[PDB]
Every structure is written in structure tokens, then in C-alpha cells.
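Read the structure below first, then the notes.
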Amino acid sequence: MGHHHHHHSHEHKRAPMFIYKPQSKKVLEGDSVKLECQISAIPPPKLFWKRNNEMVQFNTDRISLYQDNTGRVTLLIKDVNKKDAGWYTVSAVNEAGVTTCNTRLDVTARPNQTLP
């Protein structure tokens, strides 16, 4: 008995890891902020962003996200005002493993805005 001839691979699998943690920032209504970190995974994991338990989408100029070959994940938030301020949450999921980190963003009103 025991006819099962088990096959095997010799490829590299690495679980995701945050080398640097994103630290909080406060800005004014109409300005921008950057949130970046270094993740080492093989292969590159799926990224998720959540603000105040709201799913953050990147289909606008006010919000942009890119990942670099160094594993640098950078979120750019433009023109953010009081209504857009909250606690952000980033998740990176690979089949080998998963990791999640939280981030804080504060916003304050400008003493003057573009008037008529």
C-alpha cells in the first residue's frame, strides 16, 4: 500500500511585515498629508485602508495610494477637511500570513479660505 507519490515545490514564500509604523499627523482644512511604511512580503500582499470603520476608496484626487518595489506603501490625502478626519487602518494579507496597523489623522480649520 501507499502508492501516493507526493510532489513538491522549491519556491520562496514570505509572510508580510511592517518594518516601519505610520505615526500620526495633524493638518489644516485644504492641505495634504502622507502615510507611508515598508512591508517585506513574497509575494506582495493585498492592501486595505479603513477610516472610522468606513471603507476608503482611491477613485478621487483627494485620496491616492501606491506601493513601491521596496515594499513602500504610501497613502496621499489631499484637500482633507474636518469631515474627512478619523482613525485609519491598513491591512496587508498574504496566503503565508497577515498583518494590520492603525494610524491617526487630525484636521483643523484654516483662518482663511479662497473667498469670492
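Chain identifiers are assigned as A, B, and so on, following the order in which chains appear in the C-alpha cells; residues are numbered from 1 within each chain, and ligands are numbered from 1 in order of appearance.
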
For segment 84-97 of chain A, please output as a ChimeraX atom specification all residues within 9 Å (counting only C-alpha atoms; exclusion window: fewer than 5 positions along the same chain).
/A:13-17,39,41-53,56,102-107

Within 7 Å of residue 64 of chain A using only C-alpha atoms, minus same-chain residues under 2 positions, as a PDB file with N, CA, C and O atoms, in the first residue's frame:
```
ATOM      1  N   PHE A  58     -10.027  54.833  -3.548  1.00  0.00           N
ATOM      2  CA  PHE A  58      -8.924  55.628  -4.109  1.00  0.00           C
ATOM      3  C   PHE A  58      -9.267  56.171  -5.508  1.00  0.00           C
ATOM      4  O   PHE A  58      -8.379  56.464  -6.309  1.00  0.00           O
ATOM      5  N   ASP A  61      -9.119  62.467  -6.481  1.00  0.00           N
ATOM      6  CA  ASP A  61      -7.885  63.247  -6.341  1.00  0.00           C
ATOM      7  C   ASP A  61      -7.544  63.489  -4.859  1.00  0.00           C
ATOM      8  O   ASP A  61      -6.380  63.635  -4.494  1.00  0.00           O
ATOM      9  N   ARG A  62      -8.569  63.501  -4.003  1.00  0.00           N
ATOM     10  CA  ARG A  62      -8.371  63.746  -2.566  1.00  0.00           C
ATOM     11  C   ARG A  62      -7.701  62.546  -1.868  1.00  0.00           C
ATOM     12  O   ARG A  62      -7.169  62.683  -0.769  1.00  0.00           O
ATOM     13  N   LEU A  75       0.195  56.370   1.283  1.00  0.00           N
ATOM     14  CA  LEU A  75      -1.140  56.959   1.115  1.00  0.00           C
ATOM     15  C   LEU A  75      -1.064  58.496   1.140  1.00  0.00           C
ATOM     16  O   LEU A  75      -0.557  59.086   2.095  1.00  0.00           O
ATOM     17  N   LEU A  76      -1.556  59.137   0.085  1.00  0.00           N
ATOM     18  CA  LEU A  76      -1.576  60.602  -0.002  1.00  0.00           C
ATOM     19  C   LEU A  76      -3.009  61.138   0.120  1.00  0.00           C
ATOM     20  O   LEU A  76      -3.865  60.852  -0.721  1.00  0.00           O
ATOM     21  N   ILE A  77      -3.258  61.909   1.172  1.00  0.00           N
ATOM     22  CA  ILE A  77      -4.574  62.507   1.412  1.00  0.00           C
ATOM     23  C   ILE A  77      -4.538  64.020   1.144  1.00  0.00           C
ATOM     24  O   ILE A  77      -3.857  64.765   1.852  1.00  0.00           O
TER      25      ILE A  77
END
```

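Closest approach to residue 81 of chain A among A:55, A:109, A:19, A:1: A:109, based on only C-alpha atoms.
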
I want to know what sits within 10 Å of residue 67 of chain A, based on only C-alpha atoms, with residues of the same chain fewer than 2 positions away left out; could you give that as a ChimeraX atom specification?
/A:36-39,44,47,65,69-75

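Between atom CA of residue 115 of chain A and atom CA of residue 82 of chain A lies a distance of 18.6 Å.
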
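In this model, the gap between atom CA of residue 63 of chain A and atom CA of residue 98 of chain A comes to 24.2 Å.
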
For the structure I just gave you, how does DSSP split chain A - specifically, which residues are strand (DSSP E or B)? Reply as a ChimeraX atom specification.
/A:14,18,25-28,31-39,42,46-51,54-55,60,63-67,72-80,86-94,97-108

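Nearest to residue 27 of chain A of all the residues A:10, A:80, A:60, A:101 is A:80, counting only C-alpha atoms.
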
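Here the question is which of A:40, A:100, A:9, A:108 gets nearest to residue 25 of chain A using only C-alpha atoms, and that residue is A:108.
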
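For the pair atom CA of residue 83 of chain A and atom CA of residue 116 of chain A, the interatomic distance is 22.7 Å.
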